[PDB]
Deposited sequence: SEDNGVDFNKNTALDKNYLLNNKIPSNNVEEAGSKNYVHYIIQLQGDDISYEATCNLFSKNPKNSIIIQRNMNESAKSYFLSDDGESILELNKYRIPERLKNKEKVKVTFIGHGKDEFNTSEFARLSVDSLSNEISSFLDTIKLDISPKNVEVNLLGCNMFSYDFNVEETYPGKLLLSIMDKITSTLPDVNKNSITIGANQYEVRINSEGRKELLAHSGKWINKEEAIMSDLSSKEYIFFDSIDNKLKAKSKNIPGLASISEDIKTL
């Protein structure tokens, strides 16, 4: 019954008066939060995630297409302001890292072909447009492209056959070409092995084997990895993967 074409427009007062007060450590990054699909679950996740760290984050409802724009918090915290799609305010242009999270649905099962119903080629092409735009504002040293959505990584396949591995090979030269202070060893793709969601406070939870949804701290105690990093190692020119949070787990 999910309507992926609902396309609820961002309510600025919802963020300022409800979500920021409810949900809001200097991160060294600008966080671009890109809502790819028009369902209300994606919309709420985008709002909630932004509202937890509103000063360094940007919302883009990419599902709005020609009407997509950057939304972000004013310097004084009293307003949600706007710029053209993927642009950022002056105060964020000196950050040395970019985190770009694509909010999407994965599938009921692991898959290697699509994220948010987008092929590697399709998402790569959008990332190319994104990179050509953010270079007008920022020249970081580090980039993470974070795929927030279920079942997009498995250690049972070669990293190069997985969607994040394929995506990294597809985009890495565009990243280093456009963002000249980013080298290959400073690009990572974030991906999930398990189902994930953003809770009503803007925190990521993972669906454990028990059927319980668990937060960051509980996942670590449970020895369950909520996010993998996929990266390219120039030393042997191979794609690799490792767990972000679980010291032992790697490709």
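- Unmodelled regions (deposited sequence positions with no C-alpha coordinates, counted from 1) are 1-4, 29-32, 260-267.
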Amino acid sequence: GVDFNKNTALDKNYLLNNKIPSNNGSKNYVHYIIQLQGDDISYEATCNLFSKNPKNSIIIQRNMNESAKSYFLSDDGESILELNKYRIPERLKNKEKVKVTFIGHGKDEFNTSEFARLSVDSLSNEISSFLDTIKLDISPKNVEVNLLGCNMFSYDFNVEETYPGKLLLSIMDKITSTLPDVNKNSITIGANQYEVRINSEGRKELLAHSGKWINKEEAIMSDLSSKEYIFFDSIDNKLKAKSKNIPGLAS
From here on, numbers count along this sequence of modelled residues.
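- According to the PDB record, 102-110 carries the higher mean C-alpha B-factor of the two stretches 102-110 and 138-146.
- Comparing 25-33 with 39-47, the stretch with the higher mean C-alpha B-factor in the PDB entry is 25-33.
- Considering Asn84, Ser128, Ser119, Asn151 together, the PDB entry gives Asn151 the largest C-alpha B factor.
- In the PDB entry, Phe72 places in the middle third of its chain by CA B-factor.
- Among the modelled residues of its chain, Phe157 has a C-alpha B-factor that falls in the highest third according to the deposited record.
- The deposited CA B-factor of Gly165 belongs to the lowest third of values across its chain.
- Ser177: CA B factor in the highest third of modelled residues in this chain (values from the PDB entry).
- For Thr133, the recorded CA temperature factor ranks within the middle third of the chain's modelled residues.
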